[PDB]
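See below for the structure under consideration.
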Amino acid sequence: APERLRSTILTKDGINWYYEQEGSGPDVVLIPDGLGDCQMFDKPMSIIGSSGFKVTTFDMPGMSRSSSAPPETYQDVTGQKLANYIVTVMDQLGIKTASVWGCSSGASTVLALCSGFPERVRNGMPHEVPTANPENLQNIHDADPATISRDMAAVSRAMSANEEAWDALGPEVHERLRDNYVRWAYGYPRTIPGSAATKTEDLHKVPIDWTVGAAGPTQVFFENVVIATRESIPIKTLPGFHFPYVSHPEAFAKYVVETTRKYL
Amino acid sequence: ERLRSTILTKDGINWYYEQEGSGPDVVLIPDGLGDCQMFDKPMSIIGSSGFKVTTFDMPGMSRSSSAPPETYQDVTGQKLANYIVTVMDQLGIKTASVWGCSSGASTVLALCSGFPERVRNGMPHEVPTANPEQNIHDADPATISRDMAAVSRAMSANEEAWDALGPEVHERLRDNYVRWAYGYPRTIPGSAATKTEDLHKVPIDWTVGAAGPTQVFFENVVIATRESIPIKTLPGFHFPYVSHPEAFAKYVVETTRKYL
Ligand code: NA
Ligand code: NA
């Protein structure tokens, strides 16, 4: 049975990344959603990493156990900025090419990697790319930190589509997330959607297989379905909503594995 | 003034129908439960915008329930389109702007493909495209009614407005659920007229419900986008005319005005 490496690694951009690896074979990189906590991949990482892949994941810059990082790394955040940082960590880890998953700002990062670093991406798996600045979160940064944490915890839980799996992440994870919510609010929603690499010139350098959440309201990532279809990119639903790796870890892992096997 | 009446067409169907207003014709085809009282509020709003609005209970359903079995068994868009063109002929409706949800939408597409001379513009909403994941429909009829009333209420997105249809409507729906179950879900989804050759004989403006789970009518967004057909969300889910009658009426009116 493969064992899980859990460690830290420094990069030249100043970030002390917390990261984990499991398995052997072609590289698969699992980029977190905006909350930046890779413990949400723990279960499917074992599944994917037993299916003939070396899986790498990490907490995102400024978030959780990667919190030792320069402020610019988690402020005015864009897919392009995060893509640069991920290519730097790939270099340090000796990852030449990878099949890359990401949801939300993680998907913004997938698209920016596919556009800007196609030589490093075997195939991209974006899920629920933010494409508009959300109405409900228009002034979330302007609120007081305790309120940011409380309201964003509620929103995240509602977007999990499996409240029991979400809670079962456990108290350690939800304590880390408490602080991340604030840093996320300050650094992500105002800049991430406008950074989406969703032009024709972004989307056809490498293979892309796009997903949205089956249980999300049609309205929420509607434009993802439009963009992918207009561009003739494979688009389908996954079980759950915004955290498929938490709500439905087996189906998530199967998706990642079958999709990646297409391009081996 | 709302006209409420009946006609026997040549398919053997004793239709219950309603008409209100003056102006270009707008036809509102029910969803698969087949009951046009769901249109009562928005029918008046549309009619007051300068249109003549016609609606009807569907064959075998509600007040149109006297009909031969073939009209409510093995139902397809194409069969329903044939029947509705005969209604149009009998009422003297030459061309119409046609709205429909669910099997109603299947009927819109079949009208647009099969009878383009008769359709000014089509407004499909939530066209069924996949067989509901049917072997279990050899249940008691009361069980079918129970389970289909629950599904329908959950697809309304405004449970208070759904309940507010009132007992007369829900008592009609009770028997309609059973007929619908036996006649519609195995055959309607395959009948969807969604080939490129079906979809470009008249203008179409496609909608899905903003609040429906993405997976349910996902493929509608794909098809419409692939074909460069206008596609957008309406408030609510599967019964916008019930949940959001004002937004619904405004949509039908503004869309129809595009083509005048
Ligand atoms: Na590549
Ligand atoms: Na026409």
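Since chain A takes its numbers from Swiss-Prot, the residues it shows come out as 2-265.
Per the header of the entry, the method used was X-ray crystallography, 1.8 Å.
Using N, Cα and C of the backbone, Cβ positions are placed for all residues, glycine too.
The active site feature in Swiss-Prot is assigned to A:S105 (among others). When Cβ atoms from all protein chains are considered, those within 10 Å of A:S105 (active site) total 24, not counting its own.
The active site annotation in Swiss-Prot covers A:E129 (among others). For A:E129 (active site), other Cβ atoms within 10 Å of its Cβ number 27.
The active site feature in Swiss-Prot is assigned to A:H243 (among others). When secondary structure is read from DSSP and collapsed to three states, A:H243 (active site) falls in the coil class.
Following the DSSP three-state reduction, the secondary structure of A:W185 (zearalenone binding site) is helix. Within 10 Å of the Cβ of A:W185 (zearalenone binding site) there are 29 other Cβ atoms, across all protein chains. Residues annotated as zearalenone binding site in Swiss-Prot: A:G35, A:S105, A:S106, A:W185, A:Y189, A:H243.
A:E129 (active site) carries neither a helix nor a strand DSSP state and counts as coil. Spacing of A:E129 (active site) relative to A:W185 (zearalenone binding site) is 17 Å (Cα to Cα, whole number). Long-range Cβ neighbours of A:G35 (zearalenone binding site) (same chain, at least 6 residues apart, Cβ-Cβ under 8 Å): A:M61, A:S105, A:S106, A:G107, A:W185, A:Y189, A:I193. The Cβ neighbour count for A:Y189 (zearalenone binding site), using a 10 Å radius and every protein chain shown, is 27.
Whole-number maximum of the Cα to Cα distances across the zearalenone-binding residues A:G35, A:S105, A:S106, A:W185, A:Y189, A:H243: 16 angstrom.
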